[PDB]
Structure formats: C-alpha cells, structure tokens
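Counting along the sequence shown from 1, when you hit position 112 you're at 112 in the deposited numbering, and nothing is skipped either side. No residue lacks a Cβ here, since even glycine has one placed at the ideal position from N, Cα and C. Please read the structure below before turning to the comments.
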Amino acid sequence: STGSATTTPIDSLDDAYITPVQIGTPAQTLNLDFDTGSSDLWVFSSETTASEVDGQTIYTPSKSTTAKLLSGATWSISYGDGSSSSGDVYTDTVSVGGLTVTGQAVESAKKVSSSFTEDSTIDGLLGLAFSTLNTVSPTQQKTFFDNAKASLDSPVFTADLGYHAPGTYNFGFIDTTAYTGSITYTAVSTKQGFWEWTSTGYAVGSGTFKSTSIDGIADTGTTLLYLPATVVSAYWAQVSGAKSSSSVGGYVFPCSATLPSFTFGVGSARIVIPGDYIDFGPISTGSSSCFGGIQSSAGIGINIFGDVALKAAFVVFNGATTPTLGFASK
C-alpha cells in the first residue's frame, strides 16, 4: 500500500504545516501537524477542556463506530518550545492520503497549553519520530508510520515541504518526479528516538565549504534551522546590520537586507537553502527589523534541521531495519 497527502502552511511565514487526516467511522477529518521530532498522535477532542478549545476541529470518539478507549492509558507530552498537552487514549481507524491503519492509538487531549489553544489551524499532532519516544503509559504505543510499515510497498515516508506553498507527505514510495538529480542517503542514529544524522559541513553564500561534522535531527515540527553558535555567527556576520538580540530572542537583521544562501552537507552532496527562506519577517507588526531563520541551538542541547532546511529538499525517511535519511535537491 501507499498514501499521498498534501501538506499546507498554516500562515504566510510557513510557521508549521497541516495535513488532513481521517479518523474514525464515519471519517472525521482533522488537520494535523506532522512532526518527525515526536511520536504521539494526539488530537483536540470532545474531552478537551472547553475553555482550552478555540476554533479547532475536534475528534468525537462517541460518534465513531470504530473507536475504543484504551482503558487506563494516559499520555502527557511537552515540546521543545515549552508547549504541552495530555489526556487519555483511544484506538481507532486512521487514514492519511488513502493509507489506512486500523487500531491506531489516537491520544485524546483533556488539557492543552495556551500555544495550542491560540493556534486555531492545528487540530493536533501526528508524530513520525521513533516509537520509543511515545508518551503513552503504562504501555507505549506505535506511531502511524510504525503501524503502517509492514503494509507499505517500501518502508519509507517522504517530506516535500513547500516554501510559501503546499507540499506533500508520501508513504510507502519515492516519487522520482519530485526531485532533481539523485538522492544522497546518510546514516541515522535512533539512540535518542529521533531521525538523528550527521551533516558533513556548511557554506555561507558563495563561500568555500567548511568540512565539519554537525550532528542534528530532521524535524518537520520545528520551524527554524538551529545550529551551533559558531556556524550561526559565521552566517549572520555576512549580513549587514545583523545582530543577536537577547530582547527579541535571536538574530535579527534589517528587513531590506539581501540574505546569503546557506549550504549544508549530506555526505558528498549539498543542499542549498536560498536566502529568502531565511527571512522570517518583521519581529513585530510594522517593524523594519526582521527575524532570522537560522538561529543558535546553544541551550537546546541538540541541533535541529527544521522546516527552513527541510523545505529546501526532498527528504526520505527510510524506516528499514537499519534506518537512513535521504536528501535531494528539488
């Protein structure tokens, strides 16, 4: 089997992407944030504290003929941005782009933090990291991908995120029309539960490539590219008027600037992030100061190849016995 679903930016900055997902019988369609940096599929629901729901579409398990409470199971998650959610657990039929999993754990939110309430466009998350990170207790549950895997034509999914435009998540096949050139594959460590890999270096604009190992994660659920302070300083030093602002919370630059590209290495291959992808717009409405899309990972504890990086590539998440990541230009 295979599945193919369009993913759409939630706003004009590509802060996140939402993908329609069918849950239950008859189908209830919710727009979920596919997150390769976590491993819980959780949704706003009929059980979510009413004051914490503001415009989201909710899952109502009592209206689904295929829903069943996983008795005694609970979940609780907190994300890198400090947001969180928690609740109880159902199993139900879940379909993404024509690919159906029966008995998928659907984590029903009883409580969500303010950032989720305030984002009317995201009805929940669909985690695509390794199932070892799943937060269900007492017995951890499998991700949608883990459950689908044995049914898939090939044990892969691909992320093809758009710059200010829709893109695609495919399951079970590689669309050879969706990228240019070849896909370069690189090793993955699952030791921390992430799609963790080692970039071979970077270049700033037309500069020479610096060969240096940068360990990080491929994370569709993070907006920006977070890299070591050395790398990030070298980038912004090439932008007139750029500086790190503690009051704003990162590097800022004059909105009139022309940003250099940023190249990262994947083995002997190279992915070029155009300068425009690094512009995240005014720091506040009407400001002539703009926020950078490449920021320091110092204090996160891990480097993160978030959407700024991933949307410059066609990315293969290979869930074979020995997992790997593939990157192609597009």
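Legend entry - the region 56-65 touching the region 150-161, judged by at least three CB pairs closer than 8 Å: The region 56-65 makes no contact with the region 150-161: fewer than 3 CB pairs, one atom from each, lie closer than 8 Å.
Inset, instruction - List the residues that DSSP assigns as beta-bridge partners of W195. - result: As a working mapping, residue 195 is identified with position 195 in the sequence shown. Bridge partners of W195 according to DSSP: none are assigned.
Legend entry - Collapsed DSSP secondary structure at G249 in the structure displayed: Taking the sequence shown and counting its residues from 1, one reaches residue 249 at position 249. Note: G249 maps to coil in three-state DSSP.
Inset, instruction - Flag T324 as yes if its beta-carbon sits less than 8 Å from any beta-carbon of chain C, otherwise no. - result: The structure shown contains no chain C; it is built from a single protein chain.
Inset, instruction - Determine the contact status of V316 and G301, defining contact as a CB-CB distance below 8 Å. - result: If you number the sequence shown from 1, residue 316 lands on position 316. If you number the sequence shown from 1, residue 301 lands on position 301. Between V316 and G301, the C-beta spacing is not below 8 Å.
Legend entry - Residue environment, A50, which counts as buried when at least 16 other CB atoms sit within 10 Å: By 1-based counting over the sequence shown, the position of residue 50 is 50. Exposed is the call here.
Legend entry - Where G250 falls, given that 16 or more other Cβ within 10 Å makes a residue buried: Taking the sequence shown and counting its residues from 1, the one referred to as residue 250 is at position 250. Per the 10 Å Cβ criterion, buried.
Inset, instruction - Say whether the region 66-76 touches the region 1-19, bearing in mind that this needs 3 or more beta-carbon pairs closer than 8 Å, one atom from each stretch. - result: As far as the Cβ criterion goes, the region 66-76 does not touch the region 1-19, which means the pair count is below three.
Legend entry - Nearest to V252 (by Cα), restricted to the options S85, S233, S131 and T212: Mapped onto the sequence shown, residue 252 falls at position 252. Of the listed residues, the one whose Cα sits closest to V252 is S233.
Legend entry - Beta-bridge partners of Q104, as assigned by DSSP: Locating residue 104 in the sequence shown gives position 104, where the first residue counts as 1. Paired residue(s): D92.
Legend entry - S296 - containing beta strand (DSSP E), residue span: Counting from 1 along the sequence shown, the entry for residue 296 is found at position 296. Counting along the chain, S296 sits inside the beta strand (DSSP E) bounded by residues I294 to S296.
Legend entry - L30 versus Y169 - alpha carbon distance: Taking the sequence shown and counting its residues from 1, one reaches residue 30 at position 30. Taking the sequence shown and counting its residues from 1, one reaches residue 169 at position 169. So the two alpha carbons sit approximately 16 Å from each other.
Legend entry - Cβ-based burial, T25 [other Cβ within 10 Å; buried from 16]: In the sequence shown, counting from the first residue as 1, residue 25 sits at position 25. Residue environment for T25: exposed (fewer than 16 other C-beta atoms within 10 angstroms of its C-beta).
Inset, instruction - Report yes if the CB atom of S199 is closer than 8 Å to the CB atom of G181, and no otherwise. - result: Numbered from its first residue, the sequence shown carries residue 199 at position 199. Numbered from its first residue, the sequence shown carries residue 181 at position 181. Note that the C-beta distance between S199 and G181 is not below 8 Å.
Legend entry - Whole-angstrom C-beta distance between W42 and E118, which should lie under 8 Å: Counting from 1 along the sequence shown, the entry for residue 118 is found at position 118. Counting from 1 along the sequence shown, the entry for residue 42 is found at position 42. Not confirmed; about 17 Å, so no contact.
Legend entry - Straight-line Cα distance separating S120 from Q56: Sequence index remark: in the sequence shown, residue 56 carries index 56 (1-based). Sequence index remark: in the sequence shown, residue 120 carries index 120 (1-based). Spanning the two alpha carbons is a distance of roughly 5 Å.
Inset, instruction - Excluding the 5 residues preceding and the 5 following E196 in the sequence, name in chain order all residues of the same chain whose CB lies nearer than 6 Å to its CB. - result: Locating residue 196 in the sequence shown gives position 196, counting from the first residue. These residues qualify, in order along the chain: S189 and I217.
Inset, instruction - May I ask you to report which of helix, strand or coil DSSP gives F44? - result: In the sequence shown, residue 44 corresponds to position 44, counting from 1. Here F44 sits in coil by DSSP.
Legend entry - Option nearest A16 by Cα separation, candidates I58, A187, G124 and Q104: Here residue 16 refers to the residue found at position 16 when the sequence shown is read from its first residue. Ranking the options by Cα distance to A16, first place goes to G124.
Legend entry - Stretch pair the region 299-313 + the region 263-283: three plus CB contacts closer than 8 Å: Touching, yes, given that three or more Cβ pairs across the two stretches are closer than 8 Å.
Legend entry - Length-filtered (3 minimum) beta strand (DSSP E) runs lying within the region 167-196: Listed in chain order, the complete beta strand (DSSP E) runs (minimum 3 residues) inside the region 167-196 are 167-171 and 184-187.
Legend entry - Nonlocal neighbours in the same chain, by C-beta distance under 6 Å from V266, ignoring five residues either side: Translated into the one-based positions of the sequence shown, residue 266 becomes position 266. Only residues of its own chain outside the window of five on either side were considered, and among them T184, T186 and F327 have a CB closer than 6 Å to the CB of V266, listed in chain order.
Inset, instruction - Note down, one range per segment and in chain order, each alpha helix (DSSP H) of at least 4 residues found wholly within the region 8-62. - result: Entirely contained in the region 8-62, not one alpha helix (DSSP H) run reaches 4 residues.
Inset, instruction - Quick one: measure Cβ to Cβ for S137 and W75, integer angstroms, because I've assumed they're closer than 8 Å. - result: Looking up residue 137 in the sequence shown gives position 137. Looking up residue 75 in the sequence shown gives position 75. The Cβ separation is near 7 Å, so the contact holds.
Legend entry - Cβ shell of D54 (< 8 Å), same chain only, five flanking positions each side left out: Counting from one through the sequence shown, the residue named residue 54 turns up at place 54. Correct list, in chain order: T117, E118 and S120.
Legend entry - Integer Cβ distance of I283 from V248, believed to fall under 8 Å: Against the sequence shown, residue 283 aligns to sequence position 283. Against the sequence shown, residue 248 aligns to sequence position 248. About 5 Å; that satisfies the 8 Å criterion.
Legend entry - Assumed close pair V101, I23 - CB separation to whole angstroms, cut-off 8 Å: Counting from 1 along the sequence shown, the entry for residue 101 is found at position 101. Counting from 1 along the sequence shown, the entry for residue 23 is found at position 23. Not confirmed; about 10 Å, so no contact.
Legend entry - Beta-carbon proximity check, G201 vs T212, cutoff 8 Å: To locate residue 201, count along the sequence shown from 1; it is residue 201. To locate residue 212, count along the sequence shown from 1; it is residue 212. Yes, they are a contact pair.
Inset, instruction - Please go through the region 208-242 and give each complete beta strand (DSSP E) segment of 3 or more residues, from N-terminal end onward. - result: Within the region 208-242, the complete beta strand (DSSP E) runs of at least 3 residues fall at 210-218 and 225-227.
Inset, instruction - Compare the Cα-Cα distances from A298 to each of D33, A229, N134 and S39 and report the closest residue. - result: Start at 1 with the first residue of the sequence shown, and residue 298 comes out as number 298. Closest option to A298, Cα to Cα, is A229.
Inset, instruction - Measuring alpha carbon to alpha carbon, tell me which of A237, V112 and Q104 ends up nearest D92. - result: Sequence index remark: in the sequence shown, residue 92 carries index 92 (1-based). Out of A237, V112 and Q104, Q104 has the C-alpha closest to the C-alpha of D92.
Inset, instruction - Measure the C-alpha to C-alpha separation of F171 and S84 and round it to an integer number of angstroms. - result: Along the sequence shown, read from residue 1 onward, the residue named residue 171 stands at position 171. Along the sequence shown, read from residue 1 onward, the residue named residue 84 stands at position 84. Looking at the two C-alpha atoms, the distance is approximately 28 Å.
Inset, instruction - Provide the residue(s) that pair with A5 in DSSP beta bridges, ordered along the chain. - result: In the sequence shown, residue 5 corresponds to position 5, counting from 1. DSSP lists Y169 as partners of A5.
Inset, instruction - Counting only the same chain and skipping the five closest in sequence on each side, list residues whose C-beta sits under 7 Å from that of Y277. - result: Reading the sequence shown from its first residue, position 277 is the one you call residue 277. Within its own chain, the residues whose Cβ lies closer than 7 Å to the Cβ of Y277, once the five positions on either side in sequence are excluded, are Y163, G293, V308, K311 and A312, listed in chain order.
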